[PDB]
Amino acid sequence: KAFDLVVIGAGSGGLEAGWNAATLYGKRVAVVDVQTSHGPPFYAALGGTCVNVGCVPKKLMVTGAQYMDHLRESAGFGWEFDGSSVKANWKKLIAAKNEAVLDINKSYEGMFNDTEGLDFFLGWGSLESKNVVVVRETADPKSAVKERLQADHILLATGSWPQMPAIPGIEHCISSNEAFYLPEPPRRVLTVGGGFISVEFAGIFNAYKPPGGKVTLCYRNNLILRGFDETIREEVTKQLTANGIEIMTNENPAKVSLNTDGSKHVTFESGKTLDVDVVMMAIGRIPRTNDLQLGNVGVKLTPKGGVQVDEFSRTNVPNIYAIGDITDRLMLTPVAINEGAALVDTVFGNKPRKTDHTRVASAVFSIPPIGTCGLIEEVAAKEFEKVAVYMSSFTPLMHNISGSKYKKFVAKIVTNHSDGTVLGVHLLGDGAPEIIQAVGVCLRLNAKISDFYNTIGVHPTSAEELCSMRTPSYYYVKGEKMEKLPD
């Protein structure tokens, strides 16, 4: 079996590369993955982490969680019903999520069956030589060989995996993988970590918890969501707290033990203790390099765990490439897709293309959600002499009527004040993920603040706030925050 391209990992980046190479350039492509559908024992499968245990199921479950707010908020608009009859059925949510993910799994299987020159191989891929991918029954190099795929080009696209801390009792904890299949919703749950996964699941568990429940989120440092706009970091903290979620900053689990009833007794480094039914570790994700036998061929890793690549996704070994989370840069599905498409254009279409990793728009599906693109102000302050910050914060009108007055919308714009170029936009509130997409197009066009405030607004929307800010709220000159420019 001799192929133009062998892809290890049928995920976001791998599938884009395979589909493009086969359909746009008529190449013979083989793609390897460990399962054809979502779930245990391997969780990720055909379609990748995003489809199976990532963006897709997460979005469906956050959507379900939002109905706790919708039901309560409907009363302010005249909707009446027996509030004591409201119950949330977790099994129905999981079952419905499983059907939707499975429909995607089945669709991708049909893609392979019907696309000439695009073949799927079930098993574990690893590097035997520079031009041979071996597929084995299990991740263990001692397992039986299923196929040896001769490859002119090899693409490593195995994604990432939850990082689990080595504390006593870690075996009593779960990761996001298992959270997607919990048989019942935890009455008490501890989500460990300050990143988007911990925050998003905290909102899910908070909505579906049985009566007398409580969600606690802990984070080793002082403020959650490191890397996001600081104003938004503080606001989501308040709006999470306002919805019943306890946030434990400057705390970190030291050990976990079992109570007689099966619940978990958590002890933190500070000495505090907490009894919960589930402990979900979401402290990070690390590149999935352990099963590929990279040493057989000499593929180098970076000082971090990621496969080292240049801007064209080339490793140090000729004709072996790597994209997506395994490179440990921006762990986002659309980035992996773009890298895979650019790689195929470069290798097979003599159209050199490289992914732009700046000005990438992204979102956090907390409740309310975050939408962001570009630099935060403290980063821009170290790269530009004069930086201006335009800021607007307000409780939308519907939320004064709804009774959720804590739901303040935040809109921030960071600019290079020398010429007004927009460096970053940061949004908190309903619709922020949908708003920020086209803002990404604006930033690619090097839009200036005047391009925004001279655009006529759409009324009434939250987005029009971005076109209503023409005077900076404060500045950073040579890195120093100040309300007004010197002179």
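One-based numbering along the sequence shown.
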item	value
Greater mean Cα temperature factor according to the PDB record, 238 to 246 or 87 to 95	238 to 246
Selected stretch [higher average CA B-factor]: 142 to 150 or 392 to 400	392 to 400
Candidate residues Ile326, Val335, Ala282, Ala166, the one whose C-alpha B factor the record puts highest	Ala166
Selection from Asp261, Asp291, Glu73, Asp103 [criterion: highest C-alpha temperature factor in the record]	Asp261
Where the record places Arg136 (Cα B-factor, split into thirds across the chain)	lowest
CA B-factor ranking of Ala22, expressed as a third of its chain	middle
Chain third (lowest, middle, highest) by recorded CA B-factor, residue given as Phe42	lowest
Assigned third (lowest, middle, highest) for the C-alpha B factor of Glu339	lowest
Where the record places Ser270 (Cα B-factor, split into thirds across the chain)	highest
